[PDB]
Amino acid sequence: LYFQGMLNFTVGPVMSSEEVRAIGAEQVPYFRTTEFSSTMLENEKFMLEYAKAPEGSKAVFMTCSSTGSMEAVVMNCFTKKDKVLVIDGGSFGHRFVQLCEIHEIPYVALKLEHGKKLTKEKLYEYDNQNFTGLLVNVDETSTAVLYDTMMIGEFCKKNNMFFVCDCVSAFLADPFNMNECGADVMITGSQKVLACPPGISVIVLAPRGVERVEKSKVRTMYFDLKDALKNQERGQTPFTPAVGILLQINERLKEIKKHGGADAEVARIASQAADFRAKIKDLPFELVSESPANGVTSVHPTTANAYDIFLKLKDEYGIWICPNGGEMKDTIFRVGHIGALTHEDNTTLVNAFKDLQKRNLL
């Protein structure tokens, strides 16, 4: 079958461990119980630990993809009186711009050419301009650009700006310390470094984030983060959540702990990325990112159409790489370093590239 026997180098869904997969074959339990509440409180504790959240932080688990949590955060944390600086180097930064437009949050987009780093000098062009908040996608996954959260956090603190981090691809792949960088909100998704099935997302709120949400007057039921917080006090959710995925997440969080915690997973993924990048030195590929992220590498093929390479690997080599869209469809593809991959998997992929070269495709 099409979903059997494939090597997955995308950035979501990704390959899962045998233990997480095994949980996926269990009957899904009824969940309005003290037993499931315990699982949910444990999930929250692990998320706060791995995020290095400050004392007094809270997490909520949302039954929707990461985009839904991005929207919830925008709706619950900002109003028409805010002025938000949005880092826009690609698709996900642009998605935050689109959310500000939809929800009538005044904003300024700080555009970066695809692949370009954010320098301190560039950010400080926006110093002392009455901004009240900042939205960033810590790994801009579309271009595999990593932003410096300590640098951005310092800027936000100087300017008293509410600091929102989408760490959907950065969390557990790149170093991130919520307490140290002063992030007020962190968002992540189940299908990225957590390597569970898609359908859950997580919002972590620092005490300032909790306070901000508590003061919101949002017109929404499903994305009402006050309701989400109130229910999570007893390890519950307002509506039926993706119970099965939340049990898989619990297992995964314990697996992370067993293998050395958040720092150990960051280190493993850093090594996975370095291994791939070392192995493609003699192929007609240029690295696009000026600020590499551990979770993913963006590649420009200098001899071939990037989407063509995606299709050939998928249909003839048993491999999914991550294609791009829009203006990047023909010129960029990405190779993920997350989920249950090994250095030998990188060798398999590079061997497939070498075979495409022999065929004269690249």
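Residue indices: 1-based, along the sequence shown.
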**Prompt:** Which is higher on average in the deposited entry, the C-alpha temperature factors of 108-116 or of 210-218?
**Reply:** 210-218
**Message:** Which is higher on mean Cα B factor in this entry, 88-96 or 255-263?
**Reply:** 255-263
**Asked** Which one, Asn231, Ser201, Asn130, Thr240, has the peak C-alpha temperature factor per the PDB entry?
**Response** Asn130
**Asked** With respect to C-alpha B-factor, does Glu42 fall in the lowest, middle or highest third of the chain as deposited?
**Response** middle
**Message:** Taking only the Cα B-factors deposited for this chain, tell me whether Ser66 sits in the lowest, middle or highest third.
**Reply:** lowest
**Message:** Which third, lowest, middle or highest, does the C-alpha temperature factor of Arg32 belong to within its own chain?
**Reply:** middle
**B-factor third for the C-alpha atom of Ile187 within its chain** = lowest
**Request:** Sorting the chain's modelled residues by C-alpha B-factor, tell me whether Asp166 ends up in the lowest, middle or highest third.
**Result:** middle
